[PDB]
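Everything on this sheet refers to the single structure shown next.
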Amino acid sequence: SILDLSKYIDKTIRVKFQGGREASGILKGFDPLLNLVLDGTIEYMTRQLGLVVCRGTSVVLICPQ
Amino acid sequence: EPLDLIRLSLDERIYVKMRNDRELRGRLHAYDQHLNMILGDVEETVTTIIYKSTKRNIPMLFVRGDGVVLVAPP
Amino acid sequence: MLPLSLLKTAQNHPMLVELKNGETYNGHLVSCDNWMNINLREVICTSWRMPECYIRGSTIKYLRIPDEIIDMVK
Amino acid sequence: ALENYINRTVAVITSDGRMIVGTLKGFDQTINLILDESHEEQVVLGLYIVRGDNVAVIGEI
Amino acid sequence: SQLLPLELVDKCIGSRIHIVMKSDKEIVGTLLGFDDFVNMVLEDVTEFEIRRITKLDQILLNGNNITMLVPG
Amino acid sequence: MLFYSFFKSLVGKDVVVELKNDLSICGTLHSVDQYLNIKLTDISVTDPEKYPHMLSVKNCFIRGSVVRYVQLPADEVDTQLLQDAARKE
Amino acid sequence: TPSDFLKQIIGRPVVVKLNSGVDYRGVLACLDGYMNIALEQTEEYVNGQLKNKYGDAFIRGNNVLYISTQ
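Taken in sequence, the protein lines are chains 6f, 6b, 6c, 6g, 6d, 6a and 6e. Taken in order, the first sequence gives residues 11 to 55, 68 to 87; the numbers are from the authors' numbering. Taken in order, the second sequence gives residues 16 to 64, 74 to 98; the numbers are from the authors' numbering. Taken in order, the third sequence gives residues 1 to 47, 54 to 80; the numbers are from the authors' numbering. Taken in order, the fourth sequence gives residues 4 to 43, 53 to 73; the numbers are from the authors' numbering. Taken in order, the fifth sequence gives residues 10 to 59, 64 to 85; the numbers are from the authors' numbering. Take the sixth sequence: its position 76, counting from 1, is numbered 76 in the authors' numbering, and each next residue is one higher. Just remember that the authors' numbering sits 6 ahead of the position in the seventh sequence, which is counted from 1.
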């Protein structure tokens with residue numbers, strides 16, 4: 011993969027999703043398909071979820087925080 | 016299997032729903048897994064917001089499968 | 001030359017990506033793959055300055071290249 | 004195949020109904036077009061990369 | 010040491026889950042199972058637009078439009 | 001793979017193509033591919049309002065994914081062939 | 007585990023919901039790997055209003071959001 015997600019883990023990231031969703035969370039886990047596991051997940055649509075899993079296939083953009 | 020039960024109606028009048036509130040009725044001539052379609056003697060109705077427009081194509085319209093929602097009989 | 005090759009060798013250049021979203025992104029290019037997924041450094045995004059960004063290929067509309075481009079890769 | 008269009012000027016219609024004029028330089032199997040001297053009349057850029065997704069229509073002029 | 014996401018879905022099997030589409034729809038029910046494409050089997054699922066329906070039995074939810082999964 | 005074959009049997013025929021964005025283009029089918037991309041020669045305007053912003057250009061590459069309908073004439077197509085080949089798949 | 011499901015409920019009564027919000031109640035004749043469905047069922051749940059009644063139907067698998075039993 012072109013992005014080394016290893017650095018990010020235990021770091022707060024900002025992910026845009028296809029369909030106009032923003033999510034900010036703490037990167038707990040990830041895969042080669044770019045599915046993520048986020049912690050303290052807040053979804054800006068304020069919406070608070072917790073430990074979420076984000077489908078890599080709709081993962082549209084990813085920055086830090 | 017759902018694609019075979021479509022072979023079932025070949026040469027049999029069919030009713031087709033497409034994205035964008037359009038509806039076709041015509042005689043099934045051909046289809047593919049993509050549910051691409053050829054129909055003949057087919058009338059299309061477009062509902063635009074309420075009015076409905078029509079369009080006739082007797083000879084043989086082809087239809088790209090990706091717009092297709094439903095395929096049944098009138 | 002092919003889009004992908006062009007990007008592949010435009011590594012280290014500056015470019016401006018339009019998203020399907022309507023978002024403009026100004027950055028220097030760091031990595032590209034065959035899906036056209038991008039990583040950029042020194043980033044500014046317009047509806054925000056960031057260190058690094060990742061962009062899925064399927065969400066790009068078009069990429070403005072620096073005019074240097076042809077001479078820099080080739 | 005878009006091969007007969009290489010290095011010639013083209014009309015480009017995007018799916019959203021927008022219209023471009025450019026030199027077609029590169030193109031791939033996914034219809035990613037590589038473009039030069041583009042105009043949308054105000055010039056957009058000297059070099060630009062465009063996604064196959066956005067292409068409705070190419071015309072040779 | 011890495012936590013794989015599919016492993017996170019695996020352990021929420023038989024639990025309550027919220028499934029958040031890429032649209033403004035949401036489903037909460039018991040997670041019965043999932044595949045590699047993350048198609049999803051829910052049981053007795055509430056359907057919401059952000064209450065549309067109370068489902069009784071088993072729902073296959075197409076992984077295609079799934080955006081977020083939330084245990085609990 | 002079938003509709004490719006079909007379109008190949010349609011070359012040098014006049015057809016009317018309707019794309020999703022409400023654009024309508026008459027012309028001569030010169031080429032056909034696996035994506036069902038079409039190439040038309042001798043571009044022309046079927047309808048007054050839909051027709052996009054062209055003129056001098058006479059040849060177009062149309063992306064398959066952007067076509068809704070292809071308009072055909074009962075004369076251009078053997079129906080029975082089609083039917084048994086569709087059965088065949 | 008999803009395949010087992012597709013084979014478990016065939017011939018049971020199901021609601022199939024499409025991307026557009028339309029819903030189709032009918033009997034499950036079959037279903038393939040691409041989510042194509044064989045239905046021939048009514049288009050209205052009840053309260054909103056029944057929009058069509060069709061005996062046999064095909065639902066394009068790209069459009070399906072879910073397949074649910076009652």
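Using N, Cα and C, we set each Cβ at its ideal position, and we do this for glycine too.
Your pair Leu-12 (chain 6e) and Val-93 (chain 6b) does not check out as a contact, with CB atoms roughly 20 Å apart and the cut at 8 Å. According to the DSSP assignment, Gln-83 (chain 6a) belongs to no beta strand (DSSP E) but to the alpha helix (DSSP H) extending over 79-88. Counting other Cβ atoms within 10 Å of its Cβ, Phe-7 (chain 6a) reaches 16 or more and is therefore classed as buried. Looking at the DSSP output, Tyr-30 (chain 6e) shares a beta bridge with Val-22 (chain 6e). At a cut-off of 7 Å, the C-beta of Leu-40 (chain 6a) has no neighbouring C-beta in chain 6g.
If you check the CB distance, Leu-29 (chain 6c) and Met-56 (chain 6c) do not come in under 7 Å. Fewer than three Cβ pairs drawn from the segment 78-93 of chain 6b and the segment 31-42 of chain 6e lie within less than 8 Å of each other, which leaves the two stretches out of contact. Looking from the CA of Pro-72 (chain 6c), the closest CA among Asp-39 (chain 6g), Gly-25 (chain 6g), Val-67 (chain 6g) and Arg-63 (chain 6g) belongs to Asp-39 (chain 6g). Taking 7 Å as the threshold, the shortest C-beta distance from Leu-5 (chain 6g) to chain 6c does not fall below it. A distance below 7 Å between beta-carbons, with the five flanking residues on each side excluded, links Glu-89 (chain 6a) to the following residues of its chain, in chain order: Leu-2. For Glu-72 (chain 6g) against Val-57 (chain 6a), the beta-carbon gap comes to about 6 Å, under 8 Å, which counts as contact. Ranking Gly-29 (chain 6f), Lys-21 (chain 6f), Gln-70 (chain 6f) and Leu-43 (chain 6f) by CA distance to the CA of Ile-36 (chain 6f) puts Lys-21 (chain 6f) first. Interface criterion met: the Cβ of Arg-77 (chain 6f) is under 7 Å from a Cβ in chain 6d.
Taking a C-beta distance under 7 Å as the contact criterion, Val-74 (chain 6f) and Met-81 (chain 6d) qualify as a contact pair. The bridge partners DSSP lists for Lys-26 (chain 6f) are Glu-32 (chain 6f) and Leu-83 (chain 6f). In the DSSP assignment, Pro-14 (chain 6c) forms a beta bridge with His-28 (chain 6c).
DSSP places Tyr-4 (chain 6a) inside the alpha helix (DSSP H), whose first and last residues are 2-8. When secondary structure is reduced to three states using DSSP, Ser-16 (chain 6f) falls in the coil class, being assigned neither helix nor strand. In the three-state scheme derived from DSSP, where H, G and I count as helix and E and B as strand, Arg-66 (chain 6e) is classed as coil. Under DSSP, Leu-37 (chain 6f) takes part in a beta bridge, and its partners are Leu-48 (chain 6f). Following the DSSP letters along the chain, one finds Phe-11 (chain 6e) inside the alpha helix (DSSP H) bounded by residues 8-14. Collapsing the DSSP output to three states places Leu-73 (chain 6f) in coil. Excluding sequence positions up to five before and after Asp-56 (chain 6b), its CB lies within less than 7 Å of the CB of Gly-41, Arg-42 and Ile-82, all in the same chain and listed in chain order. Looking at the DSSP output, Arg-70 (chain 6c) sits in a beta bridge with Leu-16 (chain 6c) and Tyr-60 (chain 6g). Under the DSSP assignment, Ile-29 (chain 6b) falls in the beta strand (DSSP E) whose first and last residues are 28-33.
Residues of the same chain with a CB within less than 6 Å of the CB of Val-47 (chain 6f), apart from the 5 flanking positions on each side, are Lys-38, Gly-39 and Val-75 in chain order.
Separation of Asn-39 (chain 6c) and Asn-26 (chain 6c) (C-alpha to C-alpha, rounded to the nearest whole angstrom) is 12 Å. Segment contact: the segment 39-55 of chain 6a against the segment 18-25 of chain 6d, fewer than three CB-CB distances shorter than 8 Å; contact not assigned.
When CB distances to chain 6f are screened at a threshold of 9 Å, the residues of the segment 25-46 of chain 6c falling below it are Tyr-25, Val-30, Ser-31, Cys-32, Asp-33, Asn-37, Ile-38, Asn-39, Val-43 and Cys-45, in chain order.
The continuous alpha helix (DSSP H) containing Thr-9 (chain 6c) extends over residues 3-9.
For the pair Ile-25 (chain 6a) and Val-67 (chain 6a), the Cα-to-Cα distance works out to about 11 Å. The three-state secondary structure of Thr-65 (chain 6c), taken from DSSP, is helix. Scanning its chain for C-beta atoms nearer than 6 Å, with the 5 sequence neighbours on each side dropped, one finds around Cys-85 (chain 6f) the residues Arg-24, in chain order. With respect to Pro-3 (chain 6c), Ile-61 (chain 6g) sits close: the two C-beta atoms are nearer than 7 Å. Check the Cα spacing between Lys-13 (chain 6a) and each of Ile-43 (chain 6a), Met-54 (chain 6a), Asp-22 (chain 6a) and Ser-65 (chain 6a): the tightest is with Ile-43 (chain 6a). Only residues of its own chain outside the window of five on either side were considered, and among them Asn-48 have a CB closer than 7 Å to the CB of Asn-75 (chain 6d), listed in chain order.
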